[PDB]
């Protein structure tokens, strides 16, 4: 019922697991734990996740309930009530400094850098040539990707599942969870992800799976869900995707030594299709 995940930490040369077999298990499973740097403050983000849905009466973050997608010219952004228990506030990096509270934008920038370092370590381990990283990652091997800082609240009063079974769209997801509910389907059995408030949960998205499908050890996008919540639950995540601007899409690529990078689809196209798959 409970999954046992490999634990890593960011070191001087990148991702440090206990050994090479632990990294090989972690990358093949598509999910692992990443120790949270002692200097990285998560307390403002935790409070934002507990508050964003409550409206302007609740300070300092309740007012973000009133910011819908029309405010951003991007239908994916802002407050969203989902068909599951989940309600969300999603915002891409181009809007953080202007729209998010100053300390929330700061959290997003720091998570972008941690995710940047995690991704470059992964691309090296997958055997992708370094000179192809920028195009292969749609900019995420540097800081030119699309990055969403997304806050999640599970309304326990709503029936049925917390968040439907799915895979993330992008390359790297850095997930901050302090309560039970997350479940992963490694192999073919659903398993609870253990709670560890000292670690992020890291997993790969669909773009990573597509990118590394022909590699020596292909990396998969883990299927995961949030079980029905009988009490309220909150969380937040940092998502790294190939640059998917409404007018500036970087596309999704498969790497093959015999051919280089072959375009598969567009980045926003993958996101819109996935959101349609996730919520039936």
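Numbering follows the first chain given and starts at 1. Heads up, when I say rigid core I mean the largest set of C-alphas that superpose within 1.5 Å between the two forms.
- Here 225-233 and 249-257 are scored by the root mean square distance of their C-alpha atoms in 7 other deposited structures of this protein, with each structure fitted by the rigid core; the higher score goes to 249-257.
- For the pair 115-123 and 195-203, the record assigns the higher mean C-alpha temperature factor to 195-203.
- As the entry records it, the average C-alpha temperature factor is higher for 67-75, out of 150-158 and 67-75.
- You'll see in the entry that, of 218, 45, 60, 55, the Cα B factor peaks at 218.
- Looking only at 104, 189, 179, 83, the residue with the top Cα B factor in the deposited structure is 189.
- In the deposited entry, the Cα temperature factor of residue 143 places it in the middle third of its chain's modelled residues.
- Looking at the C-alpha B-factors along this chain, the one for residue 185 belongs to the highest third.
- Per the PDB record, residue ranking by Cα B-factor puts residue 255 in the middle third of the chain.
- Remark: residue 236 belongs to the lowest third of its chain, ranked by C-alpha B-factor as recorded.
- In this PDB entry, the Cα temperature factor of residue 230 sits in the middle third of its chain's modelled residues.
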